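Next comes just one chain, in structure tokens: the form deposited in one PDB entry.
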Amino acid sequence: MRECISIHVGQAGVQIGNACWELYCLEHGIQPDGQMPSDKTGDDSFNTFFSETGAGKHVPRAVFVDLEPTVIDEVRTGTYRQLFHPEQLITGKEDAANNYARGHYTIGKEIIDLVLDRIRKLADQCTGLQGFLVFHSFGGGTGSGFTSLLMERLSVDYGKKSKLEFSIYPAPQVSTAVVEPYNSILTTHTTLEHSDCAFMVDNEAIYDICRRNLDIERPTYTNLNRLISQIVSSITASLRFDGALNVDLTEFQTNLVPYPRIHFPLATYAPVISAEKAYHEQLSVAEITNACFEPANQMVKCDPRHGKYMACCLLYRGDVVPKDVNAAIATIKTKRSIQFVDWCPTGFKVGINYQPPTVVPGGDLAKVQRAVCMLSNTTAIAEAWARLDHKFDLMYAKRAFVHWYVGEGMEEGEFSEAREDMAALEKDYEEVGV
């Protein structure tokens, strides 16, 4: 059984959600109408993410929420209009206008009950609900504010359930708001005690990979989201194919998060090959494993040689021989600039999914024989928190834009409480890093 419910909040959450469910369907052989031919055993491993109707229709265990309707209307009328039921696609009338306070307080309060009601309808269809996967931006008023309100409400209504995040970290090369450093700090503060594990996706890292490895001069959100979905699928594959590592949401915390507040693992993916380049000699297990320690392949911009490891998981997919993985890991424990923290076990956890990696037809990514996603909890990711905090500090010293938040419910003191919590988080990393 062991079901997982995916929640996509705001434009970034919804659009990445579109790319993910398209890829999940292709991986599991589900058509855009929800029908599936072959399968054969209920006993289908993908039933953790897809419910099955009496007609044999495979329905994603997903909720899509936005405070304005334009993005979700495209889902309602697009290629996957028959995949999701209309009740799973929830929209408001007025967005949060890049304001956390509107998303969380004034506008978010109007749709929270309806969203929770729809989540409850999906939870009732579960016989062993594991928990939730939450997709959202840090920068958006909805992505930041509404997500933190929903995370707070889910911790009360489903106390025993695990909650994982896929968070879109802001970048000037891909940006929408001047106020995004405020929204980022505000959502991090209010979500920190309600999230078990969060995968940050730095828009600059994704932008750099698309330009450097996919030879895309100016990447659109489509280009960025197809790369993000490929990495998200690599992380959730274990939950959809019944492997040996990260088989349940609880295991993500057990394997990657020894210190509860320090729950931000760095994802590194390989190989990223352009579809529009005539392939070459296929990359070996050792080559794709070595690429996991190449900073250029990270989902977050940071220097892991400056940091220390708390945990490390390697998730292989495709034509991967276990002895070849063991030899690749043995080399990493030798040629070691891999320093683990004081009281952590020092081992690498390994998972192998033998299905050939799947890519979107008409996508930018080339089909490969073998791929790997490394999930490492490193103190080097604190560099990303420091960048946000510095931007927050510059504006907050002058109280620039704070009037917008104060006029939308929010107390000025919340800005100081949030920033102090970020200062304590930076100190947590610093204490572990020595």
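Numbering starts at 1 and runs along the sequence shown. The term rigid core refers to the maximal set of C-alpha atoms that superpose within 1.5 Å between the two forms.
Relative to the other compared entries, is residue 44 without coordinates in a third or more of them? In none of the comparable entries (those modelling both sides of it) is residue 44 left without coordinates.
Do the CA atoms of 217-225 or those of 180-188 have the higher mean B-factor in the entry? Higher mean C-alpha B-factor in the PDB entry: 217-225.
Looking at the deposited entry, does 283-291 or 196-204 carry the larger mean Cα B-factor? Between 196-204 and 283-291, it is 283-291 that shows the higher mean C-alpha B-factor.
By the entry's C-alpha temperature factors, tell me which of 265, 347, 143, 271 sits highest. Going by the entry's C-alpha B-factors, 347 comes out highest.
Please pick out which of 164, 122, 328, 256 has the largest Cα B-factor as recorded in the entry. Result of the comparison over 164, 122, 328, 256: 328.
Residue 157 - which third its CA temperature factor falls in, relative to the rest of the chain: CA B-factor rank for residue 157: middle third.
Which third of the chain holds residue 337 when residues are ordered by C-alpha B factor: lowest, middle or highest? It belongs to the highest third of the chain when residues are ordered by C-alpha B-factor.
Lowest, middle or highest third: where is residue 169 by Cα B-factor in its chain? As the PDB entry reports it, the C-alpha B-factor of residue 169 lands in the middle third of its chain.
Relative C-alpha B-factor of residue 10, binned into the chain's lowest, middle or highest third: As the PDB entry reports it, the C-alpha B-factor of residue 10 lands in the lowest third of its chain.
Could you say whether, by C-alpha temperature factor, residue 211 belongs to the lowest, middle or highest third of its chain? Ranked within chain, residue 211 CA B lands in the middle tercile.
Unshown form deposited in another entry; subsequent notes refer to it.
Core-superposed comparison between this form and the one not shown: the option from 332, 177, 116, 123 whose CA moves 2 angstroms or more: Comparing the C-alpha positions, the one residue that moves 2 Å or more is 332.
Has the Cα of residue 347 moved 2 Å or more between this form and the one not shown, judged after a core fit? Residue 347: C-alpha displaced by 2 Å or more between this form and the one not shown.
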